[PDB]
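# Structural overview
Given next are the chains, with one letter for each unit.
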Amino acid sequence: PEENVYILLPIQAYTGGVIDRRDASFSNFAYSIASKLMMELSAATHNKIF
Amino acid sequence: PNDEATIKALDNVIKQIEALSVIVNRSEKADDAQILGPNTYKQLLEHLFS
């Protein structure tokens, strides 16, 4: 927006989530997101090293 | 150990948990009150003499 000010906007990187309709707790939603994301992340580096 | 069986088992259990957490309980039953209608009193036969 101006000199010597640089903004780095948070863009959505992963769109996988499941809202808990039972509304029991909030950790279930975060665990669902994390687990579904790690399922896909681990499948891309199966037998590979950077 | 075969690392590809653990991933499948984890995915299956996560899918089972996610499916179980979406079921909702909603009932829209009616009421036992009965709608009433109009009625008119009827006249029994009578005899009048003087």
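Residues numbered from 1 in each chain as written, not as in the entry; some residues may be left out. Chains lettered and ligands numbered in written order. Part of a larger assembly, values for the part shown. Heavy atoms only, no water.

Where the PDB entry is consulted, chain B appears under the name VP3, with the organism given as Scylla serrata reovirus SZ-2007.

Identification of chain A as VP3 from Scylla serrata reovirus SZ-2007 is taken from the PDB entry.

## Concerning the overall build of chain A
Note the threshold: Helix and strand definitions here come from DSSP, where helices need a minimum of 4 consecutive H or I residues and strands a minimum of 2 consecutive E residues; each element is numbered from the N-terminal end. The globule rule used for comparison is 2.2 Å times the number of residues to the exponent 0.38, while the radius of gyration itself is calculated over C-alpha atoms. Remark: exposure states derive from per-residue accessible area (1.4 Å probe, protein chains only) relative to the maximum for the residue type, with buried under 20%, exposed over 50%, and partly exposed in between. Residue burial considers only the protein chains on display, and all accessible areas are found by Shrake-Rupley using a 1.4 Å probe.
Scanning chain A for helices and strands turns up one helix and zero strands. The C-alpha atoms of chain A give 17 Å as radius of gyration, which overshoots the globular expectation for 50 residues (10 Å, by more than 25%). Oriented by its inertia axes, the alpha-carbon framework of chain A measures out at about 50 × 40 × 15 Å. A total of 50 residues make up chain A; the buried ones form 8% of that total. Summing over all exposed atoms, chain A offers an accessible surface of approximately 5,000 Å²; the carbon and sulfur share of this is 59%.

## Re the interface of chain A and chain B
Quick note on the threshold: Residue contacts are defined here by distance: any two heavy atoms, one from each residue, within 4.5 Å place the two residues in contact. The term buried area means the drop in 1.4 Å probe accessible area that two parts suffer when joined, counted for both and summed. Salt bridge criterion: a side-chain nitrogen from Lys or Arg within 4 Å of a carboxyl oxygen from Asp or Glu. Side-chain atoms alone can form a polar contact between residues adjacent in sequence; in general such a contact is a pair of N or O atoms within 3.5 Å, and within protein one must be able to donate a hydrogen while the other accepts it. Following the grouping adopted for this structure description, the nonpolar residues are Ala, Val, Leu, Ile, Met, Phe, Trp, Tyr, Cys and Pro, the charged ones are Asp, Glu, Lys and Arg, and the polar ones are all others, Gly among them.
Taken residue by residue, the interface counts eight residues in chain A and 10 residues in chain B. For the pair chain A and chain B, the two sides together bury roughly 820 Å², of which 61% comes from carbon and sulfur. If you sort the residues of chain A by the area they bury against chain B, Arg21(A), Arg22(A) and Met39(A) come out on top, with a joint share of 51%. The tally of links between chain A and chain B comes to zero salt bridges. Between the two partners, chain A and chain B, sit two residue pairs in polar contact. When the residues that make up the side of chain A that touches chain B are grouped by side-chain class, the tally is two nonpolar, three polar and three charged.

## Re the layout of surface pockets
Formally: Of the two site types, the cavity is a set of points on a 1 Å grid over the protein atoms alone where a 1.4 Å probe fits but cannot get out, and the pocket is an open set with protein on both sides within 12 Å along at least five of seven lines, each lined by residues with an atom within 4 Å of a point. Grid points are joined across faces, edges and corners, and a volume is the space filled by probe spheres set on the points.
Of the voids in this model, the largest pocket is the one considered here, and its volume is about 240 Å³. Those elements that place two or more of their residues in the lining of the largest pocket are α1 (27-44) of chain A together with α1 (3-20) of chain B. Looking at the lining of the largest pocket, its residues break down into nine nonpolar, four polar and three charged. Elements that contribute at least two residues to the lining of the second largest pocket include exactly α1 of chain A together with α1 of chain B.

## Let's talk about the packing of α1(A) against α1(B)
Here is the rule: Convention adopted: a line fitted to C-alpha atoms gives each axis, helices being fitted over their contacting stretch, and angles between N-to-C directions are expressed from 0 to 180 degrees. Throughout, a crossing is termed right-handed when the near helix is turned clockwise from the far one, and left-handed when it is turned anticlockwise from it by less than a right angle.
Where α1(A) meets α1(B), the closest approach of the two axes is 11 Å, and the angle between their N-to-C directions is 150 degrees. The chirality of how α1(A) crosses α1(B) is left-handed. The residues of α1(B) that touch α1(A), namely those facing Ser32(A), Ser35(A) and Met39(A), are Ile7(B), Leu10(B), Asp11(B), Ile14(B) and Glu18(B). Looking at the contact of α1(A) with α1(B) residue by residue, the class counts come to four nonpolar, two polar and two charged.

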